[PDB]
Amino acid sequence: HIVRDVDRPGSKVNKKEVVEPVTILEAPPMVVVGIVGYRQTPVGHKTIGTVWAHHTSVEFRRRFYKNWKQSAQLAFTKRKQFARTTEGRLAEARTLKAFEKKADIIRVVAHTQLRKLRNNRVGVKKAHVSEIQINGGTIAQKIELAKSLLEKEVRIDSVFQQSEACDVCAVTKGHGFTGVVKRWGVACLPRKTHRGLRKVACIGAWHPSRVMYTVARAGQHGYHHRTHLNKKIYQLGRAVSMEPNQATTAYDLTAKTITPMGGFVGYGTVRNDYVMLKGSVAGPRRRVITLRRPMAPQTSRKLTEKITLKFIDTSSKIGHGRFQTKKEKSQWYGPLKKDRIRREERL
Amino acid sequence: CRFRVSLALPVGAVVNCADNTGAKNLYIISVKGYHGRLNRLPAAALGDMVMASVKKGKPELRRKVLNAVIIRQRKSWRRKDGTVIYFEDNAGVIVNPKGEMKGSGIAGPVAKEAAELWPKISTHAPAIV
Amino acid sequence: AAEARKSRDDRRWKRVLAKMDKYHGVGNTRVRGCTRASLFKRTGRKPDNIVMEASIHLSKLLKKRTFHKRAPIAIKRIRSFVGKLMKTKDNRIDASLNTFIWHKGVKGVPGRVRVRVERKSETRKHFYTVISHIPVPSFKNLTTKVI
RNA sequence: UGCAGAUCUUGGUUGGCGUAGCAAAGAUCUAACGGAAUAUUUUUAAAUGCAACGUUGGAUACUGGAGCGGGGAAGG
RNA sequence: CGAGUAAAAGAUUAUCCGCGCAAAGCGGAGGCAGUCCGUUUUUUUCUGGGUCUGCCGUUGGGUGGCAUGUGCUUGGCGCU
RNA sequence: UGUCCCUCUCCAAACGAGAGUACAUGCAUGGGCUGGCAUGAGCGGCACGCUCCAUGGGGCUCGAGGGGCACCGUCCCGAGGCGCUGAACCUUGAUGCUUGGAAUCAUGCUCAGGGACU
Ligand SMILES: [Mg+2]
Ligand SMILES: [Mg+2]
Ligand SMILES: [Mg+2]
Ligand SMILES: [Mg+2]
Ligand SMILES: [Mg+2]
Ligand SMILES: [Mg+2]
Ligand SMILES: [Mg+2]
């Protein structure tokens, strides 16, 4: 959570400080490897083809195998031997011509870099691959941008701004097989009920002679896909190796990073670029999340406000944290018994 | 209007009377501005006007329905600045339907949430908290 | 010849990085450009008869277990721990170790235990292990050893 | 002296079905021996013989004298 | 074995690629010898040199870019 | 050439199914960090006690309601208190951090993985 001053004329909280919880998401740069074009038909959109980058990393090609280490590792081998030959250049020029003539949508195939995200609890080593659409301009201009962004890295600062909003496509935390009280929120029955309380008493009338799809039943809860629009960006950070003072504010000159004391519980250190979003986000820690540019109109006063942070909390999330940095702890306690022994051994 | 605070006082609660009208406690009958919901009891928080009856005190104030305002509550609530605060007891003062105090003094502190809504109560408060 | 060790990329990048070289985490001069497992020293198979000393953190194996099953469960866990290490299915428990596990009741198993493990072969050859108890005053700065 | 049914009579067979279950009285562990019940592979050792039984020593525990103690009547 | 593309556009899809409107028109293409096949129009293949544009895999050494242990691009070695 | 089973991990999980890893700081043990509780056993009482200052030399500080032997001192029994002592212990397991910014991480085990189909 953070502290900031709110600018909102006509409100009882105007020009005062508030406390708002936030979410931290690690954002290593992505790599673009492909271009796909779509044409519109009376039955829907159909893919025209794909243009590949001729140079792919090991973590990208891991996605095509279930046991990569004990395998021949032959993916994309023939394409590499053929792409730059005279027949190879002609074939690519043919596909690009079809993109120009008969396409309405241009997208790029991109994958994350799990080697740079040096996380100990994320066990997967094969990259996550997805498609990202290019908006704006004409078809000719769209293709030019896609070709320029081939084999290169894309940073999150080039896609989003500091005080904008975004959408959060994610998958919810799982709960397994759960009953109607937790799954749907129905009332519990009186203490005297024979054969149990946590149930729906009547699941239908005599007619129609069947159970309808609108009645609550027990089953799977959680692990669903949601969208949850209109989440405001509060900060666009950079990697701790290049900018050590991540959580330092103009109103708080302490030098500290975004990682709490003792690390994020179950996750660890944030060693990469990151985004700070206001509020909550679906899913547990370590899950991969997609952020999208908004669909709803962004002309409201709440969505156009400029955010200036004042204080970022970095106390330990284990127990009741009460120190902001490690120096605060070493100033409250003086030298301890173990420090004295180390000094005595140094003598 | 005001920001929402935790409810803390369902119908049937008995709270102290903080003015000097001769009443000792108040029994909450209902809360103003409650839109119903099946099986849910109306509940009153700080700065809420309630309908109440006196169960202890001068016989002249008893056996009739009055108006009152809640000024202290034991259930903690969170302010917009992130602070959680609570009192030691629940209390209220007898008031007329317009909002003017029947008494002339108040014992104990008065919540800031109740003070801004009712200007007359702000005058007689020993302390605004 | 299916090994195909190659491994010529590590040296070519090492001499490259020596030229252009803040950059604390990328300066090779652990070792960069190689896995930790590749530096493990590979000798032949170990002899048939070996002796090892190790500690087992039992409290992390018995958390929120039913109270009156903790001593019997700790016996099966110790057998599985040693069996995977020594590749054996015959693991004798010995009286000193059995008494120590049960010496505080069925539900008061100690948090840690230090054991001595010896593997023997008898005769197709048959391998079995004998596990005994090592009483120690403190469990600090104690690490697995092979004699 | 001719059977398809009488909630027909007597035998046999049958889906349900390897299903419902076999949940009061707290509980067993270890080594050696016994046993056909093993350490059973020909197509290094673990990933190809599991699971279970009795006695003795050792450990742990229950009954707790209105006792799963020691003797009798009735009944057997 | 009962053959229908929200596909292309031609010696009946065969007998090459690029630009162009199912146009007018405008550009590019390596030579030699053998075997086995051959009812024709420089017949259909298979090798060996035969000189190679465009490529794959290298060597170090100088650059240089990317977020920085992992891939690249420029400049020469021979090389498939 | 690939997929699955046994073995390993948990964002998944009634069983199936899932996300993963395939000699990997992968697993085990230890050290630091971050937290929880609230000051361990033992010894002691103008001193090789404890603390501070510049091995040695100098400044500190050292209880107890009561009772009992042995011609006043000495020796004892005594709940509690003080010092060594923010000590001692626990800290990832149905599953907190750290071997790559600066300020910390270190050892041990792997030795042609085995099996079923296409
Ligand atoms: Mg009943
Ligand atoms: Mg917490
Ligand atoms: Mg009702
Ligand atoms: Mg008949
Ligand atoms: Mg059953
Ligand atoms: Mg008993
Ligand atoms: Mg008896």
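Order of the sequence lines sets the chain letters (A, B, ...), proteins ahead of strands, with each chain counted from 1. Both backbone and side-chain heavy atoms feed into the values below; hydrogens, waters and symmetry mates do not.
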Name the nucleic acid region contacted by C/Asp21, choosing base, sugar-phosphate or nothing; use a 4.0 angstrom heavy-atom cut-off, strictly under. nothing
Please determine whether a side-chain nitrogen or oxygen atom of C/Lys60 lies at a distance below 4.0 Å from atom OP1 or OP2 of F/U29. yes
So does C/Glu3 reach the base of F/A112 with its side chain, donor to acceptor, closer than 3.5 Å? no
Would you classify C/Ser121 as touching base, sugar-phosphate or nothing, given that sugar-phosphate means primed atoms plus P, OP1 and OP2, and contacts are heavy atoms under 4.0 Å? nothing
The furanose of F/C11, with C1'-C2'-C3'-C4' positive read as north and negative as south, falls south
If you measure only the distance, is there a donor-acceptor pair under 3.5 Å linking the side chains of A/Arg183 and A/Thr178? no
Presence of donor-acceptor pair under 3.5 Å, side chain of C/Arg36 and base of F/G108: yes
Can you tell me if A/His111 and A/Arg63 form a side-chain donor-acceptor pair at under 3.5 Å? no
Does A/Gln73 place a side-chain N or O at less than 4.0 Å from the phosphate oxygens OP1/OP2 of F/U1? no
Using only heavy-atom distances, decide whether a donor-acceptor pair under 3.5 angstrom links the side-chain of A/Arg155 to the base of E/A67. yes
Identify the nucleotide, in any strand shown, that forms a Watson-Crick or G-U wobble pair with D/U55, with both distances under 3.5 Å; if there is none, say none. D/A32
How is A/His320 classified with respect to the nucleic acid when contacts are heavy atoms under 4.0 Å: base, sugar-phosphate, or nothing? sugar-phosphate
Give a yes/no on whether any side-chain N or O of C/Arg30 is located under 4.0 angstrom from OP1 or OP2 of F/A106. no
Determine whether neighbouring nucleotides D/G64 and D/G65 are base-stacked, defined as six-membered ring centroids separated by less than 5.5 Å with an interplanar angle below 30°. no
Looking only at N and O atoms, is any donor in the side chain of A/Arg115 or the base of E/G69 less than 3.5 Å from an acceptor on the other one? no
State the pairing partner of F/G18; accept Watson-Crick or G-U wobble contacts with both distances under 3.5 Å, and report none otherwise. F/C10
Is the phosphate of D/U38 approached by C/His126 (side-chain N or O, under 4.0 Å from OP1 or OP2)? no
Hunt down the Watson-Crick or G-U wobble partner of F/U85, both distances under 3.5 Å, from any strand shown, or write none. none
Could you check whether C/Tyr128 gets within reach of a base, just the sugar-phosphate, or nothing at all, counting any heavy atom under 4.0 Å? nothing
Taking a pair to be Watson-Crick or G-U wobble with both distances under 3.5 Å, do F/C46 and F/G26 qualify? no
Between neighbours D/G18 and D/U19, do the six-membered base rings sit under 5.5 Å apart with planes under 30 degrees? no
Do C/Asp48 and D/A45 have a side chain to base donor-acceptor pair shorter than 3.5 Å? no
All heavy atoms of A/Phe99 vs all of A/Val36, minimum pair found to be CZ-C, 3.9 Å
Mind checking A/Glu153 for me? I need base, sugar-phosphate or nothing, with any heavy atom below 4.0 Å counting as a touch. sugar-phosphate
Heavy atoms under 4.0 Å, any strand shown: does C/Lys69 hit a base, just sugar-phosphate, or nothing? nothing
Under 4.0 Å, heavy atoms only, any strand: does A/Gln220 hit a base, just the sugar-phosphate, or nothing? sugar-phosphate
Watson-Crick or G-U wobble pair, E/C26 with E/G18, both distances under 3.5 Å: yes
Taking only side-chain N and O atoms of C/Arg32, does any of them lie within less than 4.0 angstrom of OP1 or OP2 on E/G69? no
Tell me what A/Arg84 touches on the nucleic acid: a base, only sugar-phosphate, or nothing, going by heavy atoms under 4.0 Å. sugar-phosphate
Using a 4.0 Å heavy-atom cut-off across all strands, classify C/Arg114 as base, sugar-phosphate, or nothing. nothing
For F/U98, does OP1 or OP2 lie under 4.0 Å from any side-chain N or O of A/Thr269? yes
C/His68 near the nucleic acid: base, sugar-phosphate alone, or nothing, with a heavy-atom cut-off under 4.0 Å? base
Within the structure shown, what part of the strands sits under 4.0 Å from A/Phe177 by heavy-atom distance: base, sugar-phosphate, or nothing? sugar-phosphate
Would you indicate what C/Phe40 reaches in the nucleic acid, counting non-hydrogen atoms under 4.0 angstrom: base, sugar-phosphate, or nothing? base
On the side chain of C/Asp10, is there an atom forming a donor-acceptor pair with the base of E/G69 - under 3.5 Å, no angle test? yes
Which part of the nucleic acid, if any, lies within reach of A/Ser57 when heavy atoms closer than 4.0 Å are counted: base, sugar-phosphate only, or nothing? nothing
Determine the sugar pucker of F/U25: a positive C1'-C2'-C3'-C4' angle counts as north, a negative one as south. south
Mark this stacking check for C/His24 against F/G101 as yes or no, applying ring centres under 5.5 Å and ring planes under 30°. no
Where the sugar of E/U39 falls when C1'-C2'-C3'-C4' decides north versus south: north
Between E/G60 and C/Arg12, counting only base atoms on the nucleotide and side-chain atoms on the residue, is there a donor-acceptor pair under 3.5 Å? no
Whole angstrom is fine here: how far is it from CG in C/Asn28 over to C1' in E/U70? 14 Å
Indicate, yes or no, whether a donor-acceptor pair under 3.5 Å links the base of F/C11 to the side chain of A/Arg286. no
Check: C/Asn98 side chain, D/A31 base, donor-acceptor under 3.5 Å: no
Could you tell me which nucleotide pairs with E/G38 by Watson-Crick or G-U wobble geometry, both distances under 3.5 Å, or answer none if nothing does? none
If I take atom NZ in residue C/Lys145 and atom P in nucleotide F/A28, what distance separates them, rounded to the nearest angstrom? 19 Å
For A/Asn245 and F/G101, is the shortest distance between a side-chain N/O and OP1 or OP2 below 4.0 Å? no
In the structure shown, which nucleotide is the Watson-Crick or G-U wobble counterpart of D/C8, with both distances under 3.5 Å? none
Just checking A/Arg39: base, sugar-phosphate only, or nothing, at a heavy-atom cut-off of under 4.0 Å? sugar-phosphate
